[PDB]
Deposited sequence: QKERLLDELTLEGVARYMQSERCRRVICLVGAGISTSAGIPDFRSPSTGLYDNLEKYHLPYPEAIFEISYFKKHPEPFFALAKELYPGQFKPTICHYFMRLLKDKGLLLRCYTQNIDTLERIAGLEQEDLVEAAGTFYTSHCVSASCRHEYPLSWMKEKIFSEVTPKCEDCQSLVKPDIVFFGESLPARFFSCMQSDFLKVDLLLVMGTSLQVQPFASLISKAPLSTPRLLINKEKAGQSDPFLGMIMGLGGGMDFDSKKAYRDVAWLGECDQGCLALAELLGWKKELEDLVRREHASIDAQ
């Protein structure tokens, strides 16, 4: 049954609903827009986006650098790019901490993330809270099936800053971050968690993704038809379970809030009377990081 649980298709609606006794189980879906404030570029933004900033790596086209088969025949563009992009400091955003607070308030069933920056773990989400849908830069493995030597971040970082292409110390096979390059299979966990999680979901909260990457994007339509969906994004996504209907005669459960993910989270914090708690969480945790 396509029931209605939002009183109004606004963020105040979503907040009241969040305050209802029914809303106990939240899933976050996130992408690259939630980390743009931490100085990590997204792909799709103009001038700043990565797809407008690769020309100087002499690729067949921009996308190729993140393609498993191109990376295999020529891994050098990628690792030179990794050195250009490698952050001076890994400091999660407000958006990140807004999900930490959900976890703390008992409301977070799962965060499904497309990012590889590890900011979620850093912000305090345990492994069990997370499905890293495009993998992680944190660990790396050699590509030989029969070897699969793990290597640490530091080893991988050494190599990157050295401009030495990582080779397994044992078998000499190329060493790849545990990222899921385009053309790769998504991790086992993704499909298994998606089977369990979407049958308990009271609210979908979608932030800083253009929802063009599959099969992450389709997660939206795995939600029960009655489950309200909030997007917090600069631009509307999810349109082309069913895609996001925000604005037509039939709209009943979807909201778009258009602006910065940081701004959105603070606004929702505010409606819940969370603003101070969230402000204090960011500060305490930011300083703990600066303390190292």
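- The sole unmodelled region of the deposited chain is 241-250.
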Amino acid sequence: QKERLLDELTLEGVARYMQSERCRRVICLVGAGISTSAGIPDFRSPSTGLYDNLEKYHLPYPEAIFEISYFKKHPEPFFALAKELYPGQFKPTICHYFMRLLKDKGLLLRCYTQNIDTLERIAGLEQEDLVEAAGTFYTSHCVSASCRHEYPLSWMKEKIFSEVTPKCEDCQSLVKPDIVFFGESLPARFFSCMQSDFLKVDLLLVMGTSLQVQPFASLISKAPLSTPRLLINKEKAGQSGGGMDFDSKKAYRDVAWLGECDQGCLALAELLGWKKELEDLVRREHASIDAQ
From here on, numbers count along this sequence of modelled residues.
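- Of the two segments examined, 113-121 and 79-87, it is 79-87 that shows the higher average Cα temperature factor in the deposited entry.
- Between 143-151 and 211-219, it is 143-151 that carries the larger average Cα temperature factor according to the deposited entry.
- When the C-alpha B-factors of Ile34, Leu230, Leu54, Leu266 are ranked from the entry, the top spot goes to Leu54.
- Per the deposited record, the Cα B-factor of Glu163 falls in the highest third when ranked against the other modelled residues of its chain.
- The PDB entry assigns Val282 a C-alpha temperature factor belonging to the lowest third of its chain's modelled residues.
- The PDB entry assigns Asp178 a C-alpha temperature factor belonging to the lowest third of its chain's modelled residues.
- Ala38 sits in the lowest third of its chain by CA B factor, as recorded in the PDB entry.
- Ranked by C-alpha B-factor against the other modelled residues of its chain, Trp257 falls in the middle third.
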